[PDB]
Amino acid sequence: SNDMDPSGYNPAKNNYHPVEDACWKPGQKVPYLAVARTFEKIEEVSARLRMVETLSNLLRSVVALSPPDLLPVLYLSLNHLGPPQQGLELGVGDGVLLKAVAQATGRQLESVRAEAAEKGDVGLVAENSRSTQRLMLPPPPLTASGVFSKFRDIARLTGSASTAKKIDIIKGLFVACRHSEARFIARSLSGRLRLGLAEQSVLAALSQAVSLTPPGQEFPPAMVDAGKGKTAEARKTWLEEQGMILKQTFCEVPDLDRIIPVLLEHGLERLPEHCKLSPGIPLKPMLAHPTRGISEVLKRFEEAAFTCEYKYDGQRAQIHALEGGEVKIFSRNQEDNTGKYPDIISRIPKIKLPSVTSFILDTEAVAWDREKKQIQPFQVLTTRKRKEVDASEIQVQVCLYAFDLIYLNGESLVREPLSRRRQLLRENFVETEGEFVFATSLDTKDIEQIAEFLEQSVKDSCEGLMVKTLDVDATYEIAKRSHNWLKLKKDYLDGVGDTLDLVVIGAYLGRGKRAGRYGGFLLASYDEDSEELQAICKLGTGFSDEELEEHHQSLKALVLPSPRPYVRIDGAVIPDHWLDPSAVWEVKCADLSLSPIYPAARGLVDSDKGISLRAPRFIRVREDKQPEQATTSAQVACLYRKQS
DNA sequence: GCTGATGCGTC
DNA sequence: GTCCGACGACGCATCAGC
Ligand SMILES: *OP(=O)(O)OC[C@H]1O[C@@H](n2cnc3c(N)ncnc32)[C@H](O)[C@@H]1O
Ligand SMILES: [Cl-]
Ligand code: NA
């Protein structure tokens, strides 16, 4: 029999044979080390096509040898516990994980924390650290389905003392780990596999696997490589077609618990016949590409007529009305938000004509002040409870701004152009001020009308504009293009938006792609009255890899053992390295917000809270400035008042 | 019963 | 352009520690 040790499993080898090259036997549970070895081969390469090939080899072996393990292997590859709408959560972050690592090795938690920060990867700590769990019975090798089941066991532990019970399971995994298993167990619990391969590449690998090695054959499979009889050109075309069948099905039913059973019993070619868009099952939403100006919009939408719509500052609400009366509401990430919006559920009868029997709406839920009849900031919206049984205790009302209709009266509109979907939205749904209204829109290609419309959207409490084609490539087919829309935010344009010069007072050690480097920095404004620097926000995006390496080498020279007495951070995360205040950086943000932690400008707007920056990003170093020329706290308060 | 640290999801 | 993973503020919900 095939007695290959999984430590030598090589799913990246040439001429991979699903049966003979697997490190397990027919009917045997897929070993977790097989998955870990696949992860190693994937993280070693940078070309997605190579990663997809390697994963597909693993999946073809699972299909051929252990079909029941396909679903857990996929979820482990995605680092997910299940369908997003089920709401499974590990309840385990770096905190609980590092505590588990410490106990499993007898080390002090702070020593474990320090090492993980230096290496920028908890997996390398769990890998290299030495276990202290002296067991008198060598544990059996971990299996993929067993590890996945233990992860779901962790997620189900709730209530007081549950943290210790979660840690006991985690420790049980580590003691059974061999070779590279501990590294990826810890990374999975940390939420940072660092594969370079995610949903789109996992789907590509899955469609390729079940296409090359069809499921459901008598063992041993007579057809183990269905591409051997095709030319390279025909093989590529065939695999891309099969890949699109799976992609467009998944974007309408992003639920592996539903797809994989059908895939194993009926095959991929027949997948659309057994899995289709239906109210009650969330679908992948259409996303938007950032655009830096009106001119770039025209260039992208040359010839194609398009519409402009207010980009409201709320939360996406995918509203499902099932045939029968049941209503469900999903987030942009397919999370179930139904229990969050009892006021919307009781509102659905008002928004539709008697002929509407089912639908899927794409809306933005925006906080709404019914007394003033005005949109309220996104920050107010986030104060709503996550579960509210009684709509009578809601304190922050919401107004739905609908902008798309994806499903209507039992028929999918995914293949209809926006012009038609928008017309069906207007013809079948009813507006009520402050409760359910159509997104404010403008149909034009005049640059001056758009710039004016953009200016009004901001005055009307919006982030800018969304731009969408009406008839050319204007469908709702996410598998063809997920970012089919354009977003034109104020803070994208040149010379527009809040720009601040802030002092770098601390650095945080980078993780993953930032390991061995500084991944983030602590910034401060200058409080002129007290001659102190006040932390305002952290910063971790906007610089190239080259800039980020120069910052590391230059700021290293400013590392202090202890903070300066005139630097105030209060509730901010203590930096891994305090920095002698010197470097001044130009930073752009979308908005200023009242912060629960940052002291910057405390007392100039509110007695207790300071001010922070929404979506800050690095622009450039101000080498012509010292800390005393940084943006002052008083200026921060002025910007905040001018904003509100 | 209270508070602050942790987890996770929203943008 | 796609895909991916670095990184942000802040809120509710949860739970350990007191
Ligand atoms: O910045 P981003 O890419 O998340 O923006 C997209 C999101 O913007 C919200 N939104 C608000 N108003 C609209 C309209 N009218 N059309 C499309 N999207 C809109 C959504 O929440 C969206 O995901
Ligand atoms: Cl400069
Ligand atoms: Na959510």
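Heavy-atom basis, side chains included; hydrogens, waters and symmetry copies ignored. The sequence lines fix the lettering, A, B, ..., with proteins before strands; numbering per chain opens at 1.
Between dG8(C) and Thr541(A), no contact under 4.0 Å exists linking OP1 or OP2 to a side-chain N or O. Under 4.0 angstrom from either OP1 or OP2 of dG5(C) there lies no side-chain N or O belonging to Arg192(A). The side chain of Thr382(A) contributes no N or O atom lying less than 4.0 Å from OP1 or OP2 of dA9(C). OP1 or OP2 of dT10(B) lies within a sub-4.0 Å distance of a side-chain N or O belonging to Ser331(A). Distances shown here put every side-chain N or O of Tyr508(A) at or beyond 4.0 Å from the OP1 or OP2 atom of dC7(C). Contact between the side-chain N/O atoms of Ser160(A) and the OP1/OP2 oxygens of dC15(C) is not found at any separation under 4.0 Å.
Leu193(A) approaches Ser77(A) most closely through the heavy-atom pair CD1-O, 4.0 Å. For the residue pair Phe148(A) and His80(A), the shortest heavy atom distance occurs at CE1-O, 3.6 Å.
Here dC7(C) counts as north. Its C1'-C2'-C3'-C4' torsion is positive. Sugar puckers are classed by the sign of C1'-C2'-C3'-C4'; that of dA6(C) comes out north, on the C3'-endo side. South is the pucker class for the sugar of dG5(C), given a negative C1'-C2'-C3'-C4' value.
Residue-level contact check: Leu594(A) touches the backbone only, with heavy atoms under 4.0 Å from sugar-phosphate atoms and none from bases. Among the atoms of the strands shown, only primed sugar atoms or phosphate atoms (P, OP1, OP2) are found under 4.0 Å from some heavy atom of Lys538(A). Using a 4.0 Å heavy-atom cutoff across all strands shown, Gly314(A) reaches sugar-phosphate atoms only and no base atom. Note on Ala198(A): only backbone sugar-phosphate atoms sit closer than 4.0 angstrom, heavy atoms only; bases stay farther off. Looking at heavy-atom distances under 4.0 Å, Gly159(A) makes contact with sugar-phosphate atoms alone, never a base.
Of the inter-residue distances, the one linking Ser457(A) atom OG with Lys489(A) atom NZ reads 12.0 Å to the nearest 0.5 angstrom. Here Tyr518(A) contributes atom OH and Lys556(A) contributes atom NZ; the two are 7.5 Å apart, rounded to the nearest 0.5 Å.
Between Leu203(A) atom CG and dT2(C) atom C1' there is a gap of 14 Å when expressed in whole angstrom units. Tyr640(A) places its OH atom 16 Å from the P atom of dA9(C), with the value rounded to the nearest Å. The interatomic distance linking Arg511(A) (CZ) with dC7(C) (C1') rounds to 9 Å, in whole Å. To the nearest angstrom, P of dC3(C) lies 14 Å from NE2 of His289(A). In this structure, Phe378(A) atom CZ and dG9(B) atom P are separated by 14 Å, rounded to whole Å. Atom OH in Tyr312(A) sits about 17 Å away from atom P in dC11(B), given to the nearest Å. Per the geometry, CG belonging to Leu287(A) stands 14 Å off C1' belonging to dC4(C), to the nearest Å. One atom, CG of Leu90(A), and another, P of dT14(C), lie 16 Å apart when rounded to the nearest Å.
Between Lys284(A) and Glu199(A) there is a salt bridge, since at least one side-chain N of the basic residue sits less than 4.0 Å from a carboxylate O of the acidic one. In summary, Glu115(A) and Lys119(A) engage in a salt bridge, as defined by a charged side-chain N under 4.0 Å from a carboxylate O. A salt bridge links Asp545(A) and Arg514(A); the closest N-O separation between the charged side-chain nitrogens and carboxylate oxygens is under 4.0 Å. Look at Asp336(A) and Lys328(A) and you find no salt bridge, because none of the NZ, NE, NH1 or NH2 atoms lies under 4.0 Å from a carboxylate O. A salt bridge does not link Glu364(A) with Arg316(A): none of the charged nitrogens is closer than 4.0 Å to a carboxylate oxygen.
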If you restrict it to nitrogen or oxygen atoms, what contacts under 3.5 Å exist between nucleotides 1-6 of chain B and the protein, and what is each distance?
{"unit_1": "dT6(B)", "atom_1": "OP1", "unit_2": "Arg113(A)", "atom_2": "NH2", "d": "3.0"}

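The residue among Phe521(A) and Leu193(A) whose nearest nucleotide of DNA chain C is located toward the 5' end is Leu193(A). Between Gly540(A) and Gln379(A), the residue anchored nearer the 5' end of DNA chain C, judged by the nucleotide with its closest heavy atom, is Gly540(A).
For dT10(B), its base never sits under 3.5 Å from the side chain of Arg316(A) at any donor and acceptor pair.
Checked against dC10(C), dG1(C), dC3(C), the side chain of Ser201(A) finds its nearest nucleotide in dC3(C). The nucleotide whose nearest atom lies closest to any side-chain atom of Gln200(A) is, among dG8(C), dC3(C), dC8(B), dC3(C).
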Subject >> Chi angles and distances behind the side-chain hydrogen bond (donor to acceptor under 3.5 Å, both in side chains) call for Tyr640(A), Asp591(A) >> reply: CA-CA 8 Å; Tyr640(A) 178 88; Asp591(A) 285 315; over 6 Å; no
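Within the cation-pi definition used here (under 6.0 Å to the ring centroid, within 45° of the axis), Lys538(A) qualifies as a partner of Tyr508(A).
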Original post:
Dot-bracket for DNA chain B, 5' to 3', counting Watson-Crick or G-U wobble pairs under 3.5 Å, with [ ] for crossing pairs and | for inter-strand pairs?
Top reply: |||||||||||
